[PDB]
């Protein structure tokens, strides 16, 4: 055992639509325990030292912020910041936790602000965040009164990052992060909304990825799809020979208009392109909490409209679609 999913098993046991997941999940999480990880003992020691118990004040609507009415002992807060810094690098956020500003590489709040206007309201929806990161968005989803948020992300570190914020929220049992790939989920068809943001370009079969997403949605369930794109008509599809913005293991970068046809082919209805944004270096930068290289380093030093490799520079697109049938 690295980490005990006892409470998740309990949740999905008592869910009519998720119980069938127990037929495959526990053997996968058992095998994940046994693929031991160098840094997980250390990370755990730190997560255990993080103050237990509820905060007084929580805002997950306009931000992800945690405070107490009584200011917390300046000894315990210097220790907390120290603990949280053990989980470097901090890519998705930002978080303000008892007045510690976790300035994450990404302004993941901005991406949320772009998405929210175009989704069906999350009030009482079950959501899947595919490639959820440390689960920043799952917190914002609960902010809009989602019933339940399930994140999946292979990163051991992003699990510890999430369990840290969760512990500091007093162990909120309405969000969970499972250390799985999307390819490991069976055809659950259990979720009202599914988010897949920043995953498609990492997946060697994009069509199979769109189908795997469709397979987690109930009838008339809603898909938010966010991915890096290029400009063009339905025939515009960049597949890089080598790297794109210093990433390796990346595959398809279709135009928003091609991706819209792809989603239709696979069987989605009401497919809408609702935003195209060109990632600025104010949205993605190196920080105090993520000290590695970031977008400035990945652009052409003399042309920010291009990647170092010469390809069109990062452009993110949001598409929203319905799976066929009624809700």
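Positions refer to the first chain, counted from 1.
> Per the PDB record, is the mean Cα temperature factor higher over 279-287 or over 66-74?
Replying inline: According to the PDB entry, the answer is 66-74.
> Per the PDB record, is the mean Cα temperature factor higher over 20-28 or over 308-316?
Replying inline: Mean B over CA atoms: larger for 308-316.
> Which is it among 176, 98, 257, 214: the one with the largest CA B-factor in the entry?
Replying inline: The listed residue with the largest C-alpha B-factor is 98.
> Considering only 295, 44, 273, 265, which residue's Cα atom bears the greatest B-factor as recorded?
Replying inline: The listed residue with the largest C-alpha B-factor is 44.
> With respect to C-alpha B-factor, does residue 192 fall in the lowest, middle or highest third of the chain as deposited?
Replying inline: CA B-factor rank for residue 192: lowest third.
>> How does the C-alpha B factor of residue 244 compare with the rest of the chain: lowest, middle or highest third?
In response: It belongs to the highest third of the chain when residues are ordered by C-alpha B-factor.
> Among the chain's modelled residues, which third holds the C-alpha B-factor of residue 83?
Replying inline: As the PDB entry reports it, the C-alpha B-factor of residue 83 lands in the highest third of its chain.
> Based on the entry's values, in what third of the chain does the Cα temperature factor of residue 299 lie: lowest, middle or highest?
Replying inline: Residue 299: CA B-factor falls in the middle third of its chain.
>> Using only modelled residues of the chain, where does the Cα B factor of residue 152 rank: lowest third, middle third or highest third?
In response: Its C-alpha B-factor, which the entry lists for residue 152, ranks in the lowest third among residues of this chain.
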